[PDB]
Novice: 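Quick one: the structure is below, questions incoming.
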Amino acid sequence: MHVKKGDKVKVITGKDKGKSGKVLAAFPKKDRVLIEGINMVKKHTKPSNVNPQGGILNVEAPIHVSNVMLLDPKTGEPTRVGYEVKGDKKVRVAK
Amino acid sequence: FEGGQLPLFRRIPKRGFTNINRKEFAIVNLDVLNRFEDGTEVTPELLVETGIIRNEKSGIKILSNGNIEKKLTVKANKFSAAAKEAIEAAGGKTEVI
RNA sequence: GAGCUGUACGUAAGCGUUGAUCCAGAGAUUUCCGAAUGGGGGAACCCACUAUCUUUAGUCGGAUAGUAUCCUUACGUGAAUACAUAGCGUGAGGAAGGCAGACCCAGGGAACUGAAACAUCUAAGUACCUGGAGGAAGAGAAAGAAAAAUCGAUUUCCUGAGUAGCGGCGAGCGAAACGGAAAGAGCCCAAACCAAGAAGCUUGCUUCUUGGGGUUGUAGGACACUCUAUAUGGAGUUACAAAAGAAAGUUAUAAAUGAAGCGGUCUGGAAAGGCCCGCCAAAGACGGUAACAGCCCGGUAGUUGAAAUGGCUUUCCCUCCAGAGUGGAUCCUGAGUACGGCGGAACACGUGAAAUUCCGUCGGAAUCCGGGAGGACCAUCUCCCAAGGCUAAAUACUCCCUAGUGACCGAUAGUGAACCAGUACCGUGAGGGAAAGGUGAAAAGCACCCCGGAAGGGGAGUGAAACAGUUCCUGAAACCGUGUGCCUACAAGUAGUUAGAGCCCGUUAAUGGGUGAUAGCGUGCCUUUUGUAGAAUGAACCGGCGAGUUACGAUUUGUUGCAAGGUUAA
RNA sequence: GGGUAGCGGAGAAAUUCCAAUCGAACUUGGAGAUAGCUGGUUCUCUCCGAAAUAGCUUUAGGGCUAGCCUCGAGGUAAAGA
RNA sequence: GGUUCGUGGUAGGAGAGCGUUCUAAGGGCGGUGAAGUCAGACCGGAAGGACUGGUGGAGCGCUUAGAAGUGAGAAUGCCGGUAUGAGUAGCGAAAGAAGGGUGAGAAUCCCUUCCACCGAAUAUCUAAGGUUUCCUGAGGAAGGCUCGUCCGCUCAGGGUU
RNA sequence: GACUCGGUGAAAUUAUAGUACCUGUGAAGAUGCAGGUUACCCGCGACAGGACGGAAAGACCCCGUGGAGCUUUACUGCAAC
Ligand SMILES: [Mg+2]
Ligand SMILES: [Mg+2]
Ligand SMILES: [Mg+2]
Ligand SMILES: [Mg+2]
Ligand SMILES: [Mg+2]
Ligand SMILES: [Mg+2]
Ligand SMILES: [Mg+2]
Ligand SMILES: [Mg+2]
Ligand SMILES: [Mg+2]
Ligand SMILES: [Mg+2]
Ligand SMILES: [Mg+2]
Ligand SMILES: [Mg+2]
Ligand SMILES: [Mg+2]
Ligand SMILES: [Mg+2]
Ligand SMILES: [Mg+2]
Ligand SMILES: [Mg+2]
Ligand SMILES: [Mg+2]
Ligand SMILES: [Mg+2]
Ligand SMILES: [Mg+2]
Ligand SMILES: [Mg+2]
Ligand SMILES: [Mg+2]
Ligand SMILES: [Mg+2]
Ligand SMILES: [Mg+2]
Ligand SMILES: [Mg+2]
Ligand SMILES: [Mg+2]
Ligand SMILES: [Mg+2]
Ligand SMILES: [Mg+2]
Ligand SMILES: [Mg+2]
Ligand SMILES: [Mg+2]
Ligand SMILES: [Mg+2]
Ligand SMILES: [Mg+2]
Ligand SMILES: [Mg+2]
Ligand SMILES: [Mg+2]
Ligand SMILES: [Mg+2]
Ligand SMILES: [Mg+2]
Ligand SMILES: [Mg+2]
Ligand SMILES: [Mg+2]
Ligand SMILES: [Mg+2]
Ligand SMILES: [Mg+2]
Ligand SMILES: [Mg+2]
Ligand SMILES: [Mg+2]
Ligand SMILES: [Mg+2]
Ligand SMILES: [Mg+2]
Ligand SMILES: [Mg+2]
Ligand SMILES: [Mg+2]
Ligand SMILES: [Mg+2]
Ligand SMILES: [Mg+2]
Ligand SMILES: [Mg+2]
Ligand SMILES: [Mg+2]
Ligand SMILES: [Mg+2]
Ligand SMILES: [Mg+2]
Ligand SMILES: [Mg+2]
């Protein structure tokens with residue numbers, strides 16, 4: 001996937017477009033990603049689970065990968081990603 | 001089928017035979033020989049090139065039907081007595097190749 | 001190149017940039033059953049023997065290997081019986097079984113049906129059974145087709161032609177050659193004869209093995225002479241002899257790179273949509289993404305890529321190899337064969353005037369001065385040379401693989417099977433054989449409160465929506481209910497229709513809607529019938545599904561093109 | 001526990017039994033057998049509109065030709081009523 | 001465009017059309033709500049077609065041509081659903097009773113006592129056959145012809161020397 | 001057992017039904033047609049005269065150029081001898 005955990009992404013579609021965050025997790029089998037402070041959902045949690053007072057928990061839900069663009073630290077703008085080889089391993093490049 | 005009444009074809013007799021050596025000639029009536037230019041030598045090969053007879057079954061026979069104007073030299077495998085007379089009456093020669 | 005420990009709605013314990021999971025090539029491991037093969041057996045089990053090792057004080061245990069049958073073939077043993085054969089043993093090779101419910105060749109081979117009955121005939125050499133296979137098979141280099149005077153192996157297609165014929169001359173069956181195409185390719189023996197053995201002893205003659213030689217028609221060969229080759233050249237594993245290798249290239253089996261909009265604004269839960277601006281394009285394929293995206297993602301065009309294995313093509317290696325001429329003393333040129341009688345079959349051809357080909361049976365040639373065929377048969381002429389073998393391609397089919405396509409289906413359709421289906425279930429068994437798809441973009445899958453044992457509800461919350469609440473898109477009809485505007489307890493009803501007060505409404509605004517006291521008229525629908533309200537038939541109701549089609553011919557009408565011409569097939 | 005199997009078995013014999021089947025089991029296939037018979041055959045309007053007869057028929061509730069219907073075209077001492 | 005004569009109809013002939021799915025081309029609609037579905041007093045000579053509103057939540061018309069799995073009320077049709085008969089027949093041979101307990105709930109589960117039935121069996125073994133039905137703990141949706149706290153039922157663990 | 005109550009709860013059948021009688025009529029035997037004669041609405045227990053009641057595409061009878069089994073000095077065959 002064009003992003004991975006640790007990446008700073010901008011969200012380009014949905015109720016959260018214009019917002020940026022860090023990629024907390026990637027689900028490449030579902031092609032979805034978990035962005036910090038994006039797509040917050042209210043989980044009605046019973047006490048039973050790890051959470052000995054239960055309650056209505058407000059947490060991040062995964063976004064589709066095609067809905068985030070990578071942030072280039074130099075420009076600080078959403079950029080499409082190229083792949084260029086330094087010598088040993090290849091690395092992502094902005095355009 | 002006639003619902004059991006003996007069908008027509010069985011009420012009446014078979015007739016004749018087919019000849020293994022039956023010759024059928026390509027027929028050319030005089031009228032189409034007018035197509036050709038005067039004093040010209042009309043062969044079978046010339047009669048198939050022009051496109052007057054395509055398949056020359058057993059040979060080319062000339063028949064009278066119509067009337068010839070031009071003075072030709074017609075060579076064919078057969079002529080009707082009338083055809084010969086007519087080709088000559090115009091002022092031509094028939095040869096039997 | 002960053003996550004991973006499969007589904008699927010888990011808990012746990014862990015792994016991973018010192019590159020996991022994942023993808024491709026190649027290895028290793030691979031219980032038991034099954035041809036099943038050490039013996040047995042009711043498959044997936046039981047019970048051994050012989051070596052070698054191991055364990056124990058020894059039984060008792062453990063490990064590894066071998067041990068079926070038949071055929072062929074070496075070798076050894078070896079009876080009645082003297083030699084010997086059979087038999088027996090050992091060692092090598094090989095086979096066995098399965099299947100693509102297809103295609104192919106062979107052995108065996110129906111009936112229904114058609115003939116308006118039925119027996120010949122048809123169906124049909126089909127179905128089916130059995131055997132043999134191969135990637136194809138079969139066929140095949142003329143004892144051929146012909147008779148335009150010539151062609152030149154076979155196969156397949158077009159045509160000939162529904163012709164010639166066959167036929168209770170019925171129903172029906174039905175060629176072939178010529179012509180046009182696809183594809184093309186030719187070869188090896190047997191025999192004369194030569195050499196070398198081997199034997200029989202016919203005792204120097206004969207037949208047996210191996211090698212050479214040799215392959216055909218107005219003849220060829222052997223055999224005589226003669227010229228050149230004895231690897232100069234040529235040819236090969238697809239026939240033409242048969243095994244081997246390399247190397248290079250290329251294809252397949254993983255991948256890599258890959259242009260251009262987070263453009264503005266509108267609606268919206270969300271924009272890929274609208275409106276307004278840009279841009280890329282050898283890329284406007286397809287899919288995904290919160291509605292419809294060339295420019296968001298996976299990609300796409302283009303351009304790169306392979307350690308390993310397999311295929312293919314070349315080249316090299318390796319291997320193998322005589323071919324013209326001249327005579328015609330003699331010799332050779334497929335025998336229980338060809339052919340014939342009898343009985344069958346195959347030939348389009350049903351015994352016919354019945355050629356041609358095959359089978360059983362009996363009889364049985366010639367053998368270069370020879371033989372066969374040209375649809376009885378004879379003569380002439382012409383064309384061929386059987387009784388031995390091999391041979392690619394053009395053709396058939398698809399269980400499969402890869403890439404695609406469709407005026408094909410879209411959940412009663414399409415496969416029987418979109419879903420754990422040949423399942424469940426039925427049957428002793430062979431065998432028969434279902435039903436059953438859709439929450440949402442995302443689980444955000446309803447904390448909490450309340451009634452209730454729970455189920456189930458009502459709130460609250462999530463969500464665009466919950467009248468989307470775990471079978472959850474839509475949600476028709478039958479059918480079941482609640483409510484109520486008009487009518488109904490003196491009436492005799494195929495249930496409506498026409499007239500019509502009264503009461504109740506208010507429309508796609510119309511000489512409107514609902515109901516209907518009372519009055520007139522009025523025997524469902526369908527099928528089948530001379531005739532049915534019918535006491536004839538069919539339908540409980542609703543829904544879905546459910547019947548003149550296609551191919552190839554014939555004929556006729558219409559249309560169009562061309563017209564004494566028109567038109568091409570493969 | 002075994003044997004006999006459908007063109008067949010078995011029968012102190014009834015056409016009796018062979019897996020709730022027997023004047024010839026069951027199953028799959030030939031196979032969509034055949035059915036001159038019965039049933040069924042789905043939208044609309046417009047124009048016309050029969051027959052239930054003759055002959056022959058292993059024919060009689062089938063068929064064929066003719067008669068009667070329909071559509072198109074032709075032709076004239078118009079021949080029809 | 002008039003005139004004249006016509007316009008009942010089964011088998012059946014002839015004609016013109018409606019509507020359905022798909023294709024092509026053109027031109028459109030549609031999250032400001034597509035198809036479908038529901039309702040209505042609208043339009044056309046018929047088959048049929050619109051409009052408006054509800055539901056629905058993403059696709060669909062129109063024009064001209066083309067192609068068909070192209071139209072159902074009947075087949076004792078096939079499949080599914082749902083009626084009617086009807087709260088009807090039936091509830092499958094038999095003796096129960098009360099007290100106590102359990103439980104949200106008890107004719108139906110447990111315990112006690114009395115009563116009753118089999119006793120060449122309705123008792124005890126055991127072969128076949130079945131295959132976990134056995135035991136214990138939970139359960140009460142479905143199954144059990146009623147009920148159910150119970151069970152040869154459901155879920156877990158166990159159990160055969 | 002029936003009947004009443006509590007629990008549970010089928011089926012055959014069924015074009016739609018507001019489903020009288022008489023005499024007639026009619027495909028010749030009518031709940032449904034005509035003319036009359038009777039009859040307030042809804043049930044429950046009973047009985048079977050009718051619905052040519054249900055069940056089963058009549059087994060009788062005939063028909064089909066349908067089957068099948070059986071017979072023989074029917075025809076043509078085949079085994080066996
Ligand atoms: Mg690695
Ligand atoms: Mg064994
Ligand atoms: Mg017949
Ligand atoms: Mg890109
Ligand atoms: Mg907005
Ligand atoms: Mg949507
Ligand atoms: Mg979409
Ligand atoms: Mg013979
Ligand atoms: Mg024959
Ligand atoms: Mg001869
Ligand atoms: Mg013979
Ligand atoms: Mg001969
Ligand atoms: Mg001859
Ligand atoms: Mg002949
Ligand atoms: Mg010869
Ligand atoms: Mg299906
Ligand atoms: Mg559906
Ligand atoms: Mg099915
Ligand atoms: Mg549901
Ligand atoms: Mg009153
Ligand atoms: Mg009164
Ligand atoms: Mg009925
Ligand atoms: Mg035609
Ligand atoms: Mg029986
Ligand atoms: Mg057949
Ligand atoms: Mg049938
Ligand atoms: Mg009329
Ligand atoms: Mg007769
Ligand atoms: Mg009739
Ligand atoms: Mg009139
Ligand atoms: Mg009319
Ligand atoms: Mg017609
Ligand atoms: Mg549609
Ligand atoms: Mg609907
Ligand atoms: Mg249809
Ligand atoms: Mg129906
Ligand atoms: Mg009753
Ligand atoms: Mg009763
Ligand atoms: Mg009772
Ligand atoms: Mg009981
Ligand atoms: Mg006793
Ligand atoms: Mg127990
Ligand atoms: Mg119960
Ligand atoms: Mg219990
Ligand atoms: Mg009761
Ligand atoms: Mg009368
Ligand atoms: Mg009467
Ligand atoms: Mg009356
Ligand atoms: Mg009646
Ligand atoms: Mg009856
Ligand atoms: Mg009958
Ligand atoms: Mg009968």
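The chains referred to below are lettered A, B, ... by the order of the sequence lines, with proteins before strands, and numbering in each begins at 1.
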Novice: In this structure, how many angstroms lie between the P atom of C:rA444 and the CD atom of A:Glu60, rounded?
Specialist: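 Taking atom P of C:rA444 as the reference, CD of A:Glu60 is at 13 Å.
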
Novice: Would you classify A:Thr13 as touching base, sugar-phosphate or nothing, given that sugar-phosphate means primed atoms plus P, OP1 and OP2, and contacts are heavy atoms under 4.0 Å?
Specialist: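 If one applies the 4.0 Å heavy-atom cut-off, A:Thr13 turns out to touch the sugar-phosphate alone, with no base involved.
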
Novice: To the nearest angstrom, how far is A:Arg92 atom CZ from C:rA256 atom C1'?
Specialist: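 Distance, rounded to whole Å: 18 Å.
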
Novice: Is atom CG of B:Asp38 surrounded by more than 12 heavy atoms (other residues, nucleotides or ligands) closer than 6.0 Å?
Specialist: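 Enclosed: over 12 neighbouring heavy atoms sit under 6.0 Å from CG of B:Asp38.
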
Novice: Answer with base, sugar-phosphate or nothing: what part of the nucleic acid does A:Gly18 contact at a heavy-atom distance below 4.0 Å?
Specialist: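 Since no nucleic acid heavy atom lies under 4.0 Å of A:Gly18, the category is nothing.
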
Novice: How is B:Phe17 classified with respect to the nucleic acid when contacts are heavy atoms under 4.0 Å: base, sugar-phosphate, or nothing?
Specialist: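 Here B:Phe17 touches no strand at all.
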
Novice: Which atom pairs link the protein and nucleotides 52-62 of chain D when you take only N or O atoms and keep those under 3.5 Å?
Specialist:
unit_1 : atom_1 : unit_2 : atom_2 : d
D:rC56 : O2'    : B:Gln5 : OE1    : 2.6
D:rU57 : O2'    : B:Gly3 : O      : 2.9
D:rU57 : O2     : B:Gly3 : O      : 3.3
D:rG62 : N2     : B:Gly3 : O      : 2.9

Novice: Is any side-chain heavy atom of A:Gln53 less than 4.5 Å from a side-chain heavy atom of A:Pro47?
Specialist: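 Not in contact.
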
Novice: Closest to the B:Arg10 side chain: C:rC262, C:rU257, C:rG170?
Specialist: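 Out of C:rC262, C:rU257, C:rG170, the nucleotide with an atom closest to B:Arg10's side chain is C:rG170.
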
Novice: Determine the contact category for A:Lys10: base if any of its heavy atoms lies under 4.0 Å from a base atom, sugar-phosphate if only primed atoms, P, OP1 or OP2 are that close, otherwise nothing.
Specialist: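 Contact class for A:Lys10: base.
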
Novice: Can you tabulate the close N/O pairs, meaning under 3.5 Å, that link protein atoms to atoms of nucleotides 273-283 of chain C?
Specialist:
none

Novice: Output all residues satisfying salt bridge (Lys or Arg N to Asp or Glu O under 4.0 Å) with B:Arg10, sequence neighbours left out; order by chain, then residue number.
Specialist: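 Not a single residue meets the salt bridge (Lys or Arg N to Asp or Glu O under 4.0 Å) criterion with B:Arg10.
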
Novice: Now, which nucleotide makes the Watson-Crick or G-U wobble pair with C:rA190, with each of the two distances under 3.5 Å?
Specialist: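 Across all strands, not a single nucleotide pairs with C:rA190.
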
Novice: Pairing of RNA chain F as dot-bracket, 5' to 3': ( ) intra-strand, [ ] crossing, | other strand, . unpaired, with Watson-Crick or G-U pairs under 3.5 Å?
Specialist: ......||.....||.(..[[[[[.....|).]]]]]............................................

Novice: Do B:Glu37 and B:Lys70 touch side chain to side chain, with heavy atoms closer than 4.5 Å?
Specialist: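 They are not in contact (no side-chain heavy atoms under 4.5 Å apart), so the answer is no.
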
Novice: What is the nucleic acid contact for B:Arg35, judged by heavy atoms within less than 4.0 Å: base, sugar-phosphate only, or nothing?
Specialist: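 Sugar-phosphate only.
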
Novice: Under 3.5 Å, which protein N or O atoms sit close to an N or O of nucleotides 3-9 of chain C? Give each pair with its distance.
Specialist:
unit_1 : atom_1 : unit_2  : atom_2 : d
C:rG3  : OP1    : A:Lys5  : N      : 3.0
C:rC4  : OP1    : A:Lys29 : NZ     : 3.1
C:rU5  : OP2    : A:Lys29 : NZ     : 3.1

Novice: Both distances under 3.5 Å, Watson-Crick or G-U wobble: does C:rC381 pair with C:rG236?
Specialist: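 Here the two bases do not pair.
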
Novice: Could you tell me which nucleotide pairs with C:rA48 by Watson-Crick or G-U wobble geometry, both distances under 3.5 Å, or answer none if nothing does?
Specialist: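 The answer is C:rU67, by the H-bond criterion.
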
Novice: Base, sugar-phosphate alone, or nothing: which one does A:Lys95 contact when heavy atoms must sit under 4.0 Å apart?
Specialist: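 Touches sugar-phosphate only.
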
Novice: Would you mind pulling out the nucleotide paired to C:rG172, Watson-Crick or G-U wobble, both distances under 3.5 Å?
Specialist: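 C:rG172 is paired, partner C:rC166.
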
Novice: Are more than 12 heavy atoms, taken from residues, nucleotides or ligands other than B:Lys84, located less than 6.0 Å from that residue's NZ atom?
Specialist: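 At most 12 heavy atoms, drawn from other residues, nucleotides or ligands, come within 6.0 Å of this atom.
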
Novice: Does any nucleotide pair with C:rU72 by Watson-Crick or G-U wobble geometry, both distances under 3.5 Å, and what is it?
Specialist: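 Looking at the geometry, C:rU72 pairs with C:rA92.
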
Novice: Give me the distances for all protein-to-nucleotides 464-470 of chain C N/O pairs that come in under 3.5 Å?
Specialist:
unit_1  : atom_1 : unit_2  : atom_2 : d
C:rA464 : OP1    : A:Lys15 : NZ     : 2.8

Novice: Hey, does B:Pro7 reach any base, or is it just sugar-phosphate, or nothing, if we go heavy atoms under 4.0 Å?
Specialist: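 Nothing, no nucleic acid heavy atom in range.
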
Novice: Within this structure, what is the CD-to-P distance between A:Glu84 and C:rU257, rounded to whole angstrom?
Specialist: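 Going from A:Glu84 (CD) to C:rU257 (P), I get 9 Å.
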
Novice: Can C:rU289 and C:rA239 be counted as a Watson-Crick or G-U wobble pair, both distances below 3.5 Å?
Specialist: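 No, neither Watson-Crick nor G-U wobble.
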
Novice: Please state whether the base of C:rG258 and the side chain of A:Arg80 form at least one donor-acceptor pair under 3.5 Å?
Specialist: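 Check fails, no donor-acceptor contact within cut-off.
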
Novice: Paired with C:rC542: which nucleotide, if any, by Watson-Crick or G-U wobble criteria at under 3.5 Å for both distances?
Specialist: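 By the stated definition (distances under 3.5 Å), E:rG80 pairs with C:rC542.
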
Novice: Considering every strand shown, what is the Watson-Crick or G-U wobble mate of E:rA39 when both distances are under 3.5 Å?
Specialist: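 Per the H-bond distance test, E:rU52.
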
Novice: Around atom NZ of B:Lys23, are there more than 12 heavy atoms of other residues, nucleotides or ligands at under 6.0 Å?
Specialist: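 Count not over threshold, so no.
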
Novice: Rounded to whole angstrom units, what separation is found between the NZ atom of A:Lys86 and the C1' atom of C:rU257?
Specialist: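 Result: 18 Å.
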
Novice: Using a 4.0 Å heavy-atom cut-off across all strands, classify A:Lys90 as base, sugar-phosphate, or nothing.
Specialist: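 The answer is sugar-phosphate, as A:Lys90 gets under 4.0 Å only of primed atoms, P, OP1 or OP2.
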
Novice: Label F:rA55 north or south, basing it on the sign of the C1'-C2'-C3'-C4' dihedral.
Specialist: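 F:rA55 falls in the north pucker range.
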
Novice: Considering all heavy atoms of both residues, which atom of A:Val41 and which atom of A:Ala61 are nearest to each other, and what is their separation?
Specialist: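 Of all heavy-atom pairs spanning A:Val41 and A:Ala61, the closest is CG1-CB, 3.7 Å.
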
